[PDB]
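A.B. asks: what would the 3D arrangement of this be:
(one chain, ligands or ions: 2)
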Amino acid sequence: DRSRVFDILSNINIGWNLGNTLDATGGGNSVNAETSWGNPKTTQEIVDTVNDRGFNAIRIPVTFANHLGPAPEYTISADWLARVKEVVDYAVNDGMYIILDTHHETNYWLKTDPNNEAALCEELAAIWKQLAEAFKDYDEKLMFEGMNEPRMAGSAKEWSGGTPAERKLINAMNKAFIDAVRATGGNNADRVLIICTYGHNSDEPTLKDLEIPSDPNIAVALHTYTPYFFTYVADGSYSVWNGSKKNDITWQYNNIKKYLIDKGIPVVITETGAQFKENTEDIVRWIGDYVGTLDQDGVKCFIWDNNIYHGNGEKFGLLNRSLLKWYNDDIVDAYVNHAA
Ligand SMILES: OC[C@H]1O[C@@H](O[C@H]2[C@@H](OC[C@H]3O[C@@H](O)[C@H](O)[C@@H](O)[C@@H]3O[C@@H]3O[C@H](CO)[C@@H](O)[C@H](O)[C@H]3O)OC[C@@H](O)[C@@H]2O)[C@H](O)[C@@H](O)[C@H]1O
Ligand SMILES: [Mg+2]
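C.D. replies: Numbering: from 1, shown residues only. Ligands and ions are numbered 1, 2, ... in the order given. Please find the structure below.
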């Protein structure tokens, strides 16, 4: 019986990621990492604006690596932990559902070499023991997502679910994460914990190898920017959405159904979105097809928002954080009103 997790998630309309913020990796061991990729310092007002538009759930990606002390304690710098807590608390103040992750650890220590399992598990657990202790008294609306796209960057199968040995390592790491958090007790005894596949990949072989914990208070996170050629800019990419590629969404979702949803395992899409390609009407249609597909089984998603829209880079921006106005209200309306 995993129905507690389903009940919690059912309270979410749609979610929103505070992207390129606490996950940013500049600035070294400093709170200034937050602004190192060009975003303004997060404020209560920024978070309020997200909530008010209809995104009542927020994912707060955080990269800890450069804020950690030496092994084996990996102590999180006090100033950084305090800042992370301030940002989470903006959301708590507004009664929001929240996901706290670890993020670009994958640029640093989180490289999925199966021969390094012990060091990997131990580092993950050490960070999560500290996070869990810090957030022990926070209510069930705060959820933890152990890893983000864990993988071996630059490997042949980096973006296709890795190798079988890597997927075994992911299973061990998911367990380490759950164990570390549960061992801290308090509200962490039954907090929703959100594990993942290798790379947050949803291909059939990747899902077939995912071990499902016996802990009843878990969910499985995937990232599904599907189809890639619509949502990203690449050789072969396009900006038109007429429905003809809805099958890409359907086929992938039927695997998520086969291995997770139809087995009663909670699933959360912790990142998706489409880069802005002067194609508002197409993105609106894609959201209909994509979010509409998730809604069939009440699966929730969180939209990636990096505050990039007018300038160069990956144009996932939705909230103009400096102005507290939305870059594209038609796109935003399609997300927040998905269930009407
Ligand atoms: O530039 C070459 C460089 O890529 C490095 O990774 C980046 C790269 O995209 C990988 C994508 O490749 C397509 O051919 C894949 O089909 C697609 O599924 C995958 O894109 C990644 O997709 C993820 C979601 O499933 C998403 O969160 C992620 O952002 C997306 O990358 O270009 C996009 C960047 O985001 C990647 O970091 C790779 O490490 C490097 O060695 C080299 O191949
Ligand atoms: Mg309790």
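
A.B. asks: could you give the bridge partners of the residue nearest to residue 97 when sequence neighbours are not counted?
C.D. replies: Of all residues not flanking residue 97 in the chain, residue 57 sits nearest, at 3.7 Å (C-beta to C-beta, 6 or more residues apart in numbering). Every residue, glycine included, has its C-beta placed from N, CA and C. Taking DSSP bridges as the rule, residue 57 bridges to residue 15, residue 97.

A.B. asks: my read: residue 57 touches residue 95, true?
C.D. replies: No. Counting by C-beta atoms under 8 Å, residue 57 sits too far from residue 95 to count as a contact (10.7 Å).

A.B. asks: between the two, which is the more surrounded one?
C.D. replies: More crowded of residue 57 and residue 95, by other C-beta atoms under 10 Å: residue 57, with 25 against 11.

A.B. asks: show me what contacts the more buried one?
C.D. replies: 12-16, 96-99, 300, 302 (C-beta atoms under 8 Å, 6 or more residues apart in numbering).

A.B. asks: what's the PyMOL line that selects buried ones from those?
C.D. replies: Written as a PyMOL command, the selection of buried residues from these, which uses 16 or more other C-beta atoms under 10 Å, is:
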select buried, resi 12+13+14+15+16+96+97+98+99+300+302
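
A.B. asks: out of the contacts of residue 57, the closest to ligand 1 would be?
C.D. replies: Comparing the contacts of residue 57 against ligand 1 with C-beta to the nearest ligand atom places residue 302 closest, at 12.1 Å.

A.B. asks: quickly find the element holding that closest one.
C.D. replies: strand 300-305 (DSSP states H and E).

A.B. asks: which elements pack onto that strand?
C.D. replies: Judged by 3 or more C-beta pairs under 8 Å, 6 or more residues apart in numbering; DSSP states H and E, strand 300-305 is in contact with strand 14-18, strand 55-60, strand 267-272, helix 280-295.

A.B. asks: nearest to ligand 1: which residue in the stretch 1-150 of the chain?
C.D. replies: For the stretch 1-150 of the chain, C-beta to the nearest ligand atom, closest residue to ligand 1: residue 149, 6.1 Å.

A.B. asks: pretty sure that residue is touching residue 222, no?
C.D. replies: No. Taking contacts as C-beta under 8 Å, residue 149 lies outside contact range of residue 222: 10.4 Å.

A.B. asks: dump the helices and strands packed on strand 300-305 into TSV; add distance to residue 247 as well.
C.D. replies: Formatted as TSV, these follow (distance: least, C-beta to C-beta, whole Å):
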stretch	distance to residue 247
strand 14-18	24
strand 55-60	28
strand 267-272	17
helix 280-295	10
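
A.B. asks: can I get these in TSV with distance to ligand 1?
C.D. replies: TSV is the format used below for the helices and strands packed on strand 300-305 (distance: least, C-beta to the nearest ligand atom, whole Å):
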stretch	distance to ligand 1
strand 14-18	11
strand 55-60	13
strand 267-272	6
helix 280-295	14
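
A.B. asks: for residue 232, find the nearest of those.
C.D. replies: strand 267-272 (11.6 Å; C-beta to C-beta).

A.B. asks: tell me what angle the closest one forms with strand 14-18.
C.D. replies: 50 degrees (axes from the mean of the first three to the mean of the last three C-alpha atoms, to 10 degrees).

A.B. asks: quick one: strand 267-272 to chain centroid distance?
C.D. replies: Mean-position distance between strand 267-272 and its chain equals 6 Å (C-alpha atoms, centre = their mean, to the nearest Å).

A.B. asks: with stretch 216-225 instead?
C.D. replies: 9 Å.

A.B. asks: other residues contacting that stretch?
C.D. replies: Here stretch 216-225 makes contact (C-beta under 8 Å, 6+ apart) with 1-2, 4-5, 9, 143, 145, 149, 178, 190-197, 199-202, 210, 212, 231-232, 252, 256, 260, 265-274, 304.
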